[PDB]
Amino acid sequence: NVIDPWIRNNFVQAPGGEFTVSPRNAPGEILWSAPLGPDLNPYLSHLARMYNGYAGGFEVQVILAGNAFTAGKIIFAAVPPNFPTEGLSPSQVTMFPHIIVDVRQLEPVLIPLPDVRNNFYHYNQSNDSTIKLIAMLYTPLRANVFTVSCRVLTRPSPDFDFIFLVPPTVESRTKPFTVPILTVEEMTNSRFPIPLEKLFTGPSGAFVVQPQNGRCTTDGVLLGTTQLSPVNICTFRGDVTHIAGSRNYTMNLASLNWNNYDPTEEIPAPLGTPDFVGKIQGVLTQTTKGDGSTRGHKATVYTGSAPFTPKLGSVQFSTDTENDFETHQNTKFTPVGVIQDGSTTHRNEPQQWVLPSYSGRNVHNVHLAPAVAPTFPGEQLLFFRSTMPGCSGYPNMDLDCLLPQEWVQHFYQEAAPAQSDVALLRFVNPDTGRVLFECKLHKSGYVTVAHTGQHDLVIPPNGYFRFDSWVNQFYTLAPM
Amino acid sequence: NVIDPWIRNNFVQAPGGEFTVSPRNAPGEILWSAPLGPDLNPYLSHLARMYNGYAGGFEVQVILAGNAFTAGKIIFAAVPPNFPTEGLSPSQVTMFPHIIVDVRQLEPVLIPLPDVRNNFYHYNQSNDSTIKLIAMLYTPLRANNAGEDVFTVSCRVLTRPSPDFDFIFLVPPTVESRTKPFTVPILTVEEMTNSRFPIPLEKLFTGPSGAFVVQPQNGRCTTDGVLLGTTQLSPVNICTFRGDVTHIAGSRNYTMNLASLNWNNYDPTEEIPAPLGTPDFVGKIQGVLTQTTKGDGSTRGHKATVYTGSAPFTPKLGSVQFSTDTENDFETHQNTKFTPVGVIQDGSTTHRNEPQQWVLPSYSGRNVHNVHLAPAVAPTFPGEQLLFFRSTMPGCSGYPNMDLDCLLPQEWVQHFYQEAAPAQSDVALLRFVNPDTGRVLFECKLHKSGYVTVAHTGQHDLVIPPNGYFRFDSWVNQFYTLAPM
Amino acid sequence: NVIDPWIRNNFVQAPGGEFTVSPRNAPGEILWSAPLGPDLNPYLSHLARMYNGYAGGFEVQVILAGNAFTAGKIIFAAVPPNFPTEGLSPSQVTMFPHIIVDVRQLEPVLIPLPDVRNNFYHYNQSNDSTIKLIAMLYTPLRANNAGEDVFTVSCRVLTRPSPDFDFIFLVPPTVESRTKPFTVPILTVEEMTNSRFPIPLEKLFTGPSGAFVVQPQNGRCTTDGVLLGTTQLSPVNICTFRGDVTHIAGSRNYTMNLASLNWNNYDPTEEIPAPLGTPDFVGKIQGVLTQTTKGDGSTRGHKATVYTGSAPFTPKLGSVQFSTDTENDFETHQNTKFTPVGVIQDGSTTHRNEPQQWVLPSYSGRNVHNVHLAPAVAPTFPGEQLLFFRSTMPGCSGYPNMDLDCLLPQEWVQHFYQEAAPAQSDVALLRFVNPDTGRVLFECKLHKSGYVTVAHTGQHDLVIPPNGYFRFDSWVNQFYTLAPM
């Protein structure tokens, strides 16, 4: 019902009150825009943060500063709010309500600002005003260096007041979806502990894309065979059993902490098992439980083998030795590099798109996180291209994963429920400050781009990713 | 005069006044404090910061919520602010201005709060100010019912401006942007990885700082995210080797011009002790060396051995020897890659000897000392003991020194790089709240220099509940003494 | 305040009404539709073209003239702003605020409407659509007499604004024009020709989008005329080839040094998938190869069998193979031209196979695929089916896959090339109108990329009156669906 009288009677300076008027400026051009309203008188603006709507007008004032040597004329006026002001002559400006000024004046000058007391509640969250103030170079002001300066002074109308008492805005904010500021060269693969080297796009029809390492909710519930620690992907911990004469070892599996694994849970597998058929030379490693004598020897795992049964609790490893790893020790498979010890096929393995035998070839992998494809058509998925090492043979080392492993943990620390389906995430290279590409990250937990064909996405390795907002499910990217 | 009447004729929830009581509570002890002032109302806070002049008093309403079974009578009062209130008898709190409330009072009541009438224009910011508020239980609260921790009574505080309230002086306000809240990851220590070797940690350790000379170079960064030491961000790049081997024509060894994470050629001309991810202590470790042919991609694998105490190990110069079980399979100038997993104890009679974690390697060989040292660590506030992360590396042939005590968690480094937080004082306060019990098992003392300690004596493998998150609280000074566990 | 007294005091006509009712009727029938607004009164349409701000209401006022002894009634009503009203129920009209009126009243009748206002403004330079007009027949008004359809009962509208109505904002007039008003050709399917083969079109088709990989390269252009794909202007330039054949002296083949439509020598370095007029499918086709010697005109012509699924078909590289029926007749380095007539089926022993109308051929060969791909189409607001243009290509050998579906009408592409129209919203609205009755069989959903869908399901060769044409209407959003067939 009342504000400070000292606020009401006198004027005040505004954050837009500045002008660099040179003859080097082009005549007939816009040089200051500002939406009129509460957002202009500063002490009034903070005092009006808490109140949620308006009834009244304002009066503005102008104060100029130049020399007696130049001669210029300058206009101020008011517009419709949504009115395009871009293609606009300085001639036709004066048809709007307006006041022209000279270059050589002393007193402050007010503007009419014609009023229709709307008596509605201009909501402070919204972006709409009555007008947008304007200024334009009317006479080009040549002389014989000098630059002219002008400032904006302001107060509200006497018949202005407020509406309601409201608590400070944004007191509580939903996790604001802090995307990590990393690069994909810094981030690692979600299907193997290896740093991602390139970014790939392509069709989902070329494969069946349903892995189980790299599956989680956007708000942090444990999904698939995805777990937390990246090094626990495709390593093994359990209790090997000696085959009598062969190089094999069937291993009664355990946990990360060598705890007794429970096969009776609602899980696809032990958390950290590979989700693909593959042959890989690694190193099975064992120490004595009595003193701690370490030993590590080159081993080969077969996730397309029938004794590989993690959901049952046995897994086969073909080592270079035959009886070095004792039974029921701390025996632990460390993968090194995928080999191609199968015929002469080029890039046959790991079979990254088929599912392995968790419960064996008798019972399929249970409790499976589903597959994905661009359901919004015209777009292609975002694959994270890798290339695994190898010591002997040339297998298909191109590993395309879907998530960053650190992003799973980071968004677990978020544990954020979404605000729409599709987010607005932008790869900004801060060397440029420019977006190379945007994307369509879905609140299920996967991402798509409207780009054509197969492309290894050549990007500056200093570039980060910049999330913006929550888009509806009906937007199509422009192609690159 | 200057406030709208919806403030001047109502009440408002406290900004922080929130406290419970308990049958485990005891009479005489304190419950809840507050400095009275205009800071106790959010509306008056925001409509005060834009002003400077200040006068008047307040009123305080209060409200409880209690059942009929629990019996108790409660007490609030006023006090002059410098008064020491430590072990006051509840009966002497009679003499202050005060009111008694029964706990089963269903309706709100109001504190009297007599004004001192020594107003004379307080300076509107001074914490050295008038009356504090005191929360206290008068009665023993026998509270007898068959429930467990039951009828834990909630309590709320309300404020109100007095009728003789005002402001006096006008001023443009401040912007006051905000900083970082010093968040830490909430994992278990056994889930986080070692930062001087790519392995997950196992357990938390403490021990005397005079036992070892502790200065590694992997796991060295600021508390606001500027790259230090030989420390990089990707944990698989630690202790691995990548580059182009050239065949020594007779032995199982090669000379390898070192390569990056993404096989970029190593630059010896940077302000670094070593390449990023170099093994920062002397050891013998048997992982595996692989090589991908640059023509087709024939994946080969042969188990290797690296020797960080060897003279041909020269990371800063650009050649390190590797002794694989094969002699010359790894072809000329290809992408050859060593990945370590576990340490063996071979070629050395000494048992439980390698790796030697508290020495520094030969980065520029045995010729030039390691330059640009991120410095060693020792407790400034004496008597305390440093916090290690003890784990166990795999051991295949022999009995090596598998005791690996690193100084930092690797995920914390990237966490803090995304934080990039400027400190508020020197040493932080982190708690191990086990969320199963919701209670502390131990604390720490985390410096802004980038290391952490605890005031506990002797060697201690800290056995924690594996469901335990970690709870940062606040900023301690350089003179706080922890309690021993 | 802003307006003249006289224009507000009395009622003034409206140009859209004035319409007559013959006694031969069927009740429950809509007669006349109109959008309410200030563009009703020509006075007010001028004055609102002058101004910006728009607030208040009207009074619609109706006078009848004709017979009296009919005993037949009329309804005027409100409506939802997007409401189909063709064959619907009059009970719906009874739900809205409406008025029943018989012809026996001498006083002119007025229908009241919903009374609201939005006091900030209403745009007035937009759609700004509101309650449209309802001319609804209640009782079929038989006019029992000796005459046949005598005293055709006229119905006028003669309005004036409500006394609260007024303007607020004024703009420069800028009365001039809109953009291109998105004019359409009025052709039929026999008059329009195929945009992927030089043949006249036969029938439009609707069918499921999941059937084939729907991505051609002939028949691709924007809604404002930028060259996309291998699409060019002339319909006869499609699938025909020009250049300098080279003697494959042992076989019927001829590799052609590629020349353009104007016989300009081909540049293989342009930002194109293929040359202009090049096909975008795999199929075998017999047409006729023709060659005229540049010196005097020693003419020759023989039937050539072409394969865009062949290895020497490399239009982006600059060579293309033609297997004629003759072997050494066509001289080298002459102006040699192939023209097709219809796809054949020499075949792989499979009938109705070629052209594989949805696959892409070897533009730069099989090794590197095509570049600058105009993308595929998809129903973005789904449940709706695409628009195909079902045709039948001729043949010279076998049983070819004659069902030819193209994407755009070739006349409409060059029509838009003349238009160069910028879009106003997402989806335009085109109506296939039978001008024999002036009524629409089906509508469409044209997307601003340059494709169009319809909201129906199933395999339908759409039956059309061969006198039927197409008539553009408006701009609909991307979430309204059409009525199925």
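Residues numbered from 1 in each chain as written, not as in the entry; some residues may be left out. Chains lettered and ligands numbered in written order. Part of a larger assembly, values for the part shown. Heavy atoms only, no water. Residues with missing side-chain atoms left out of burial classes, pairs and counts.

A few points about the interface of chain C and chain A
Each side of the interface is counted separately: chain C has 16 residues, and chain A has 13 residues. Roughly 1300 Å² is buried in total at the junction of chain C and chain A, and carbon and sulfur atoms are behind 74% of that figure. Contact with chain A buries area across many residues of chain C, yet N119, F169 and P172 of chain C alone supply 32% of it, more than any other trio. At the junction of chain C with chain A, the criterion picks out zero salt bridges. Where chain C meets chain A, there are three residue pairs in polar contact. Of the residues in the side of chain C that touches chain A, the class split is eleven nonpolar, four polar and one charged. (Contact = heavy atoms within 4.5 Å. Buried area = accessible area lost by both parts, 1.4 Å probe. Salt bridge = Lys/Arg side-chain N within 4 Å of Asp/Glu carboxyl O. Polar contact = N/O pair within 3.5 Å; in protein donor to acceptor, adjacent residues only side chain to side chain. Nonpolar A, V, L, I, M, F, W, Y, C, P; charged D, E, K, R; others polar.)

Remarks on the interface of chain B and chain A
The partner chain A presents 57 residues to the 60 residues of chain B that form the contact. For the side of chain B that touches chain A, the secondary structure elements donating two or more residues are α1 (5-8), α2 (42-49), β12 (284-292), β13 (301-302), β15 (335-342) and α3 (410-419) of chain B. Looking at the side of chain B that touches chain A, its residues break down into 29 nonpolar, 21 polar and ten charged. (Helix = DSSP H or I, 4+ residues; strand = E, 2+ residues; numbered from the N terminus.)

Some remarks on the arrangement of the chains
Contacts between protein chains span two pairs of chains, and they are most numerous for chains A and B. Chain C makes no contact with chain B, the minimum C-alpha separation between the two being 19 Å.

Brief notes about unusual backbone geometry
A cis amide bond links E349 of chain A to the next residue, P350 of chain A, at an omega of -5°. Residue position: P350 of chain A is located in the loop between β15 (330-338) and β16 (380-387). The linkage connecting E354 of chain B with the following residue, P355 of chain B, adopts the cis geometry, with an omega of 5°. With respect to the helices, strands and loops of the structure, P355 of chain B is situated in the loop between β15 and β16 (385-392). Even without a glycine there, the phi angle at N119 of chain A is positive, about 60°. Positionally, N119 of chain A belongs in the loop between β6 (109-110) and β7 (132-137). In this structure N119 of chain A comes out as partly exposed when scored by relative accessible area, which is 48%. (Buried < 20%, exposed > 50% of the residue type's maximum accessible area, 1.4 Å probe, protein only.)

Thoughts on the pattern of salt bridges
Evaluation of the coordinates by the stated rule reveals 29 salt bridges over all chains. Between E59 of chain A and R155 of chain A there is a salt bridge whose closest N-O contact spans 3.5 Å. Given a relative accessible area of 16%, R155 of chain A falls into the buried group. Between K284 of chain B and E354 of chain B there is a salt bridge; the shortest N-O distance is 3.1 Å. Within this pair, whereas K284 of chain B is found in strand β12, its partner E354 of chain B is found in the loop between β15 and β16, the two being separated by 70 residues in sequence. Considered together, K284 of chain B and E354 of chain B belong to a single accessibility category, that of buried residues.

Some details on the sheet that holds strand β8 (residues 149-156) of chain A
Working definition: the strands of a sheet are paired by backbone hydrogen bonds and lie parallel or antiparallel to each other. Residues and elements named next belong to chain A. Taken in spatial order, the four strands make up an open sheet running β1-β8-β3-β6, and their pairing is antiparallel. Since the sheet does not close on itself, it has two edges, and those belong to β1 (12-13) and β6, each with one partner. Pairing of strand β3 (residues 58-65) with β8, which is carried by eight bridges, proceeds in the antiparallel orientation. Bridged to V62 within β8 is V152. (Pairing = 2+ DSSP bridges.)

Quick look at the sheet that holds strand β5 (residues 73-77) of chain C
Residue and element names in this part refer to chain C. Pairing is antiparallel across the open sheet formed by three strands, whose spatial order is β6-β5-β8. Two strands lie at the open edges of the sheet, namely β6 (98-102) and β8 (134-137), each paired on one side alone. Geometrically, the sheet is characterised by an average inter-axis angle of 25° between neighbouring strands, direction not taken into account. Pairing analysis gives four bridges linking β5 to β8, with the strands arranged antiparallel. Bridged to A77 within β8 is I134. (Axes fitted to C-alpha atoms, helices over the stretch in contact; angles between N-to-C directions.)

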